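Cβ atoms come from the backbone with ideal geometry, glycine included; neighbour counts cover every protein chain shown. All of this is worked out from the model, or read from it or from the source named; these are not laboratory values.
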Amino acid sequence: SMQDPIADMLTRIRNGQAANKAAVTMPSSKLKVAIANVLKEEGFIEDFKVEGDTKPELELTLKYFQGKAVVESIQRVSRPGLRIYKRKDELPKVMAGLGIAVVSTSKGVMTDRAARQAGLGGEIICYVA
Amino acid sequence: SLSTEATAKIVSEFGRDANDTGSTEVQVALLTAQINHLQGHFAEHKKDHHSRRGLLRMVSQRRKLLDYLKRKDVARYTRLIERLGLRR
Amino acid sequence: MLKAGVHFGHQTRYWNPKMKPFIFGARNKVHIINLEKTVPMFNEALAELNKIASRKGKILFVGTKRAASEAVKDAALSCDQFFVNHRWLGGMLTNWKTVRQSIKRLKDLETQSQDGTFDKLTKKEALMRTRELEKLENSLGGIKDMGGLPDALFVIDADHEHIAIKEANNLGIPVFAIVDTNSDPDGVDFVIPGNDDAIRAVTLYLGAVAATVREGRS
Amino acid sequence: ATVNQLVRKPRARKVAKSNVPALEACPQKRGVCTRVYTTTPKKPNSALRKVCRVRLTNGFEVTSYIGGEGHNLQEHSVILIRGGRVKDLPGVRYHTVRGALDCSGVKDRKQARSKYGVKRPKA
RNA sequence: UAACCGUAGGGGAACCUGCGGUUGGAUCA
RNA sequence: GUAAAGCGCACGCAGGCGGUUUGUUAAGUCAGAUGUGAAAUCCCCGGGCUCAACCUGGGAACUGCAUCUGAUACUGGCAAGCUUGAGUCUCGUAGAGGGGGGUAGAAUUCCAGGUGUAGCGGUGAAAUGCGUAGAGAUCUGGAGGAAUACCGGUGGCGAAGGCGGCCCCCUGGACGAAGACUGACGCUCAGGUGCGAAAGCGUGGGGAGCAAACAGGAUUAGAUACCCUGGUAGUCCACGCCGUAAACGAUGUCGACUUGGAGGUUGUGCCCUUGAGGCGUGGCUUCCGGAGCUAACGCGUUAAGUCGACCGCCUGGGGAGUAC
């Protein structure tokens, strides 16, 4: 959005899923693609690309196993006016461990397990189940 | 609103170049005119509120621009407020 | 540029605020159903039918509508499955228990003409009894082969076959319906935003359904 | 509300109103007994019950209920208020302790001896 | 005497009347 | 939304929040470490009173504050930018947007005069009332005030309240399109300022119709009403005040997403533009309705669906929006 560009990413992804869409598109961003990269390895998204050397536009591909979709849970937490910063011993564990939790570390964007395995903390980004 | 022979006129007096109808120095100054000119209009009628709403608009809108200059080039601010006899 | 060029749009401005993300864009009185938002639905639904058909399940095609009745069996009956092209009885999915009872007197009614057991009673009597077939063999004649609730229900228009879908989501029987602009897709777990009408729209997809189902079980 | 709207004016409490004039945070209070009434209950019930105005040690006057199948208080006898209001009797949100001070206690009662005025019967 | 809100005046009492708004009005007005 | 709850509507200071890129900083933040965080409680493991309560060793914890060494993804600061947000310019378009001043035609009432004659007016009936001092009707001339049939619409404009005859003058906003320009200059906004139907208030005007009050007639058991005959404030104007309404979509403003159908109104591109016309592409707006949401009714791309930023508000009924 014009105020919360990251929160929009999640919404556009979840809104697409519900509508059984194929691919979601929206303006890119260092953090955005960075986040989009994680869900990739996590198998939450098929692939992802962008267009524009001056006018970048993210391109994500939704995913679904059977009748229902894959990403059946995606919400934010560390939003503006109410940001969240956890330690290496406070990091959340989405769905008892199954779901992932994106968190920006001094090393870069990671997941609840990722950063933990490292032994460092960062500003939580969102919960993906 | 404003006459072309005036709008397109002033633009060529504050623009740091040519046909720069965007430049704050320009737009901002362009606002004072339609404002000062209307003050003579509002002197009469008075009860005409729906027109003052727009008047106030361009006024605050003008200020929103002045604050910007101060936050982009201190000089340009004090360098323009004089040419327009602003601040009062 | 493919066959999906027959169900472009339907149902004027009556629409339904819910059916929006599937609207190509209103134009010339009525709107259009964004086919690009229909392509995934075009198969995603069929995929499950193809998958379930392999499990040797059941499929009931509901289409009480005239322009779909006579032209629905060839896709269900011929394909040997289940369908109801008439007034969907009240409970043929929930109160099946007592409903099946009607099927019996229908079956045993059939056997009457089968053998010489038809030349019984006054010539008039046979007539009074034969009428039951007309109704029975019609309202159930295409469901008699269902010795128990199905596993998935594919209904044409989501509006007309209203009650039909209702009972379904109350028994846990998945529903694959081809809704429409003025349709209420909130009751369909597998929406197929297409022209609920159009003599061609119905046939193509309807027949296309049995297609995947036919060899669904390999 | 919102964090901001909370930082300003958070969540207010609620001063618990303890329906009891003879507060002082006590299990009971001593009285003097102004008189002995026999007021009638509300609309749902009938039969006249026994009550009595009490001049609590803290001045705070108030009528207390005199439960039990047998009254025996006087217009000067000293009783002990306890609590527990009574529906049928409005304003009467108290009861005189049975078997305490200058009061008496139910007679011939063999059940629920603790309550009322009785301590181990004729055996 | 459709009701209600505002506002005003009047009357044993609910309330009546005027002006504006509302549908939280029945019957095809 | 209807249960208690969106301020009547705007503008906007403080405050909160802030599109995209690179460098930089290292404040937030994260990592390590050093202090300190009294002991005792609590907790874990383990000891002694025959057990327990109890007593007791060590640790764990004390979620904090500070300091030091780092890490630089995100937030913040600084520098230089970028253009899609926002804005400026150009040229068009529609409009009951506002303020001022004119002006026209229909009708009412009244004044005068002509014709003409015993009724008119009113109601469910009636009666009050007006009529032989000549009404009513009719026709001619004149005075005056208020409102603008038809077009008028499920229409349009406005922040809200609201805004309809035609003409001129001063003026605001909205939208489209080729574009050109500025370069995050933005969103929200307690307090604050301003705008606010009608009724009402002050001064001075005006006053046709209508009409609280008031007065007659009728109804009725009564009728301080509904009905009828009259009628004052008021309704109208100026200027100042009052600020309320079921000030209602009973639904705060801003932005991004999410099937469809029929229609309305206004701009623009295009099509043998040969046409009423046909195909798109924007603004605003009706009705139906899918997913979903919902306690249900219902809402449904103009959401009451999925989200984000800021603000207002609610916390059982009565007492009471009352007392002070």
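Restricting the stretch C:10-21 to residues that are over 18 Å from C:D197 (Cβ atoms) and surrounded by fewer than 14 Cβ atoms within 10 Å (Cβ to Cβ), which is nearest to the other protein chains (Cβ to nearest Cβ)?
C:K20
Which condition breaks for C:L171 when tested against (1) in contact with a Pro (Cβ under 8 Å, 6 or more places away or on another chain); (2) away from chain A (no Cβ under 14 Å)?
The single condition C:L171 does not satisfy is (1).
Quick one: would you say A:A7 is closer than 24 Å to C:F24 by Cα and near RNA strand F (Cβ under 7 Å from one of its atoms)?
So A:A7 does not fit the description; no.
Quick check on my filter: what residues within the stretch B:11-22 are near RNA strand F (Cβ under 9 Å from one of its atoms) and part of a helix (DSSP H, G or I)?
B:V11 - this is the single residue of the stretch B:11-22 that is near RNA strand F (Cβ under 9 Å from one of its atoms) and part of a helix (DSSP H, G or I).
Which count do you get for residues in the stretch B:4-54 that are over 23 Å from B:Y77 (Cα atoms), of a type in the set (G, A, S) and exposed (fewer than 11 other Cβ atoms within 10 Å of the Cβ)?
Qualifying residue count for the region: 2.
Looking at A:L58, A:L39, A:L98, A:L31 in this structure, which one is touching a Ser or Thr at 6+ places or on another chain (Cβ under 6 Å) and away from every other protein chain (no Cβ under 14 Å)?
Exactly one of A:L58, A:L39, A:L98, A:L31 is touching a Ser or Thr at 6+ places or on another chain (Cβ under 6 Å) and away from every other protein chain (no Cβ under 14 Å), namely A:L58.
Can you tell me which of D:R13, D:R98, D:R93 is touching a residue at least 60 places away in the same chain (Cβ under 8 Å) and part of a loop (DSSP other than H, G, I, E, B)?
D:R93
Looking at C:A76, C:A53, C:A47, can you tell me which residue is within 30 Å of C:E132 (Cβ to Cβ) and either of a type outside the set (D, E) or in contact with a strand residue (DSSP E or B) (Cβ under 8 Å, 6 or more places away or on another chain) (or both)?
The conditions single out C:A76.
State yes or no: is A:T54 out of contact with any helix residue (DSSP H, G or I) (no Cβ under 8 Å at 6 or more places or on another chain) and of a type in the set (S, T, N, Q)?
yes
Restricting to the stretch A:103-129, give me the number of residues that are surrounded by fewer than 19 Cβ atoms within 10 Å (Cβ to Cβ), more than 9 Å from RNA strand F (Cβ to nearest atom) and without any contact (Cβ under 8 Å) to a residue 24 or more places away in the chain.
Of the residues in the stretch A:103-129, 2 are surrounded by fewer than 19 Cβ atoms within 10 Å (Cβ to Cβ), more than 9 Å from RNA strand F (Cβ to nearest atom) and without any contact (Cβ under 8 Å) to a residue 24 or more places away in the chain.
Find all pairs meeting these conditions: Cβ atoms under 8 angstrom apart; at least six residues apart or on different chains; first residue within the stretch C:160-185 and under 20 Å from C:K58 (Cα atoms) and assigned by CATH to the domain that holds C:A45; second residue surrounded by fewer than 20 Cβ atoms within 10 Å (Cβ to Cβ) and among the aliphatic types (A, V, I, L, M).
Matching pairs, first to second residue: C:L171/C:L149; C:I173/C:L149.
Please enumerate the residues belonging to the stretch C:153-189 that are more than 8 Å from RNA strand F (Cβ to nearest atom), in a loop (DSSP other than H, G, I, E, B) and surrounded by 23 or more Cβ atoms within 10 Å (Cβ to Cβ).
Correct list: C:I156, C:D157, C:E161, C:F176, C:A177, C:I178.
Could you list all residues from the stretch B:23-36 that are out of contact with any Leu (no Cβ under 6 Å at 6 or more places or on another chain), under 17 Å from B:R87 (Cβ atoms) and either of a type in the set (A, V, I, L, M) or within 6 Å of RNA strand F (Cβ to nearest atom) (or both)?
Selection gives B:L31, B:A33, B:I35.
Within the stretch C:178-200, track down each residue that is away from chain A (no Cβ under 14 Å), under 21 Å from C:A47 (Cβ atoms) and within 14 Å of the chain's Cα centre (by Cα).
C:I178
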